> 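Have a look at the structure that comes next, please.
Just so we're on the same page: letters track the sequence lines, and every chain starts at 1.
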Number of protein chains: 2
Amino acid sequence: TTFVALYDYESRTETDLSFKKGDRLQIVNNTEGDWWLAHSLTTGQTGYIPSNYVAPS
Amino acid sequence: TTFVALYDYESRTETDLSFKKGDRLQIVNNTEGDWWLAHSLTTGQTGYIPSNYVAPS
């Protein structure tokens, strides 16, 4: 299964991928799962987490 | 809806969130969607992309 970029995206960090509209991309299986933007009720910090690391309460 | 960390995770960049096992986290709605690890067929580069930016071929 192959995706196609609908928009350009410029990498903002050392871990994201830049692409131009029309580029073809393949998703890569990773242990961590999809990454979610999350807010910590425990610490008040906010940022991306690996979804396979968490569970519904 | 509130998640709970199953494991500790140490932030590796300026955008991820550290947490300890047992911490409580809330997912945050973002424009970008979940982030996926992707491999570019166009450039051969690899890294995380915002999923709302791409579509099935």
> Backbone N or O of A:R24 within a donor-acceptor pair of the B:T42 side chain at under 3.5 Å?
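Flag set: sc B:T42 to bb A:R24 pair under 3.5 Å.
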
> Would you confirm whether B:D16, through its side chain, and B:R12, through its main-chain N or O, come within 3.5 Å as a donor-acceptor pair?
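Confirmed, B:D16 side chain pairs with B:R12 backbone.
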
> Side chains of B:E32 and A:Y9: donor-acceptor distance under 3.5 Å anywhere?
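Judged by distance alone, the side chains do not pair up.
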
> Compare all side-chain heavy atoms of B:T13 with those of A:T13 and state whether any distance is below 4.5 angstrom.
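Result no, sub-4.5 Å side-chain heavy-atom pair not found.
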
> Please tell me if the side chains of A:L17 and B:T46 come closer than 4.5 Å, counting only heavy atoms from C-beta onward.
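No, their side chains stay 4.5 Å or more apart.
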
> Look at the side chain of B:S18 and the backbone N and O of B:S11, then say whether any donor-acceptor pair between them is shorter than 3.5 Å.
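Judged by distance alone, yes, a pair lies under 3.5 Å.
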
> Can any side-chain N or O of A:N52 pair as donor or acceptor with the backbone N or O of A:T31 at less than 3.5 Å?
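Yes, the answer is positive, given that a donor and an acceptor are paired below the 3.5 Å cut-off.
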
> Do A:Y53 and B:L6 have side-chain heavy atoms sitting under 4.5 Å apart?
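Answer no - side chains too far apart.
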
> Could you see if B:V4 belongs to whatever hydrophobic cluster contains B:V28? Use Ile, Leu, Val, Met, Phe, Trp, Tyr and a side-chain cutoff under 4.5 Å.
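Each belongs to a different hydrophobic cluster.
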
> Side chains of A:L25 and B:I49, heavy atoms from C-beta outward: is any pair under 4.5 Å?
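A:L25 reaches B:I49 side chain to side chain.
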
> For A:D34, is there any backbone N or O sitting under 3.5 Å from a side-chain donor or acceptor partner on A:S51?
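Flag set: sc A:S51 to bb A:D34 pair under 3.5 Å.
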
> Counting N and O atoms only, with roles assigned by atom type, does the side chain of B:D8 sit under 3.5 Å from a partner on the main chain of B:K21, one being a donor and the other an acceptor?
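Indeed, once roles are kept as given, a pair shorter than 3.5 Å links the two residues.
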
> To the nearest 0.5 Å, what is the distance between CG on B:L37 and CD1 on A:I27?
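Those atoms lie 8.5 Å apart.
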
> For B:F3, check ring-ring contact (aromatic ring centres under 6.0 Å, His included) against everything at least two apart and list the hits.
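If we apply the ring-ring contact (aromatic ring centres under 6.0 Å, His included) test to B:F3, skipping adjacent residues, the hits are A:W36.
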
> Nearest 0.5 Å, please: how far is OG1 in A:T15 from CH2 in B:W35?
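Result: 8.0 Å between the selected atoms.
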
> Drop me the distance from A:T43's OG1 to B:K20's NZ, to the nearest 0.5 angstrom.
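If we round to the nearest 0.5 Å, A:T43:OG1 and B:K20:NZ are 11.0 Å apart.
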
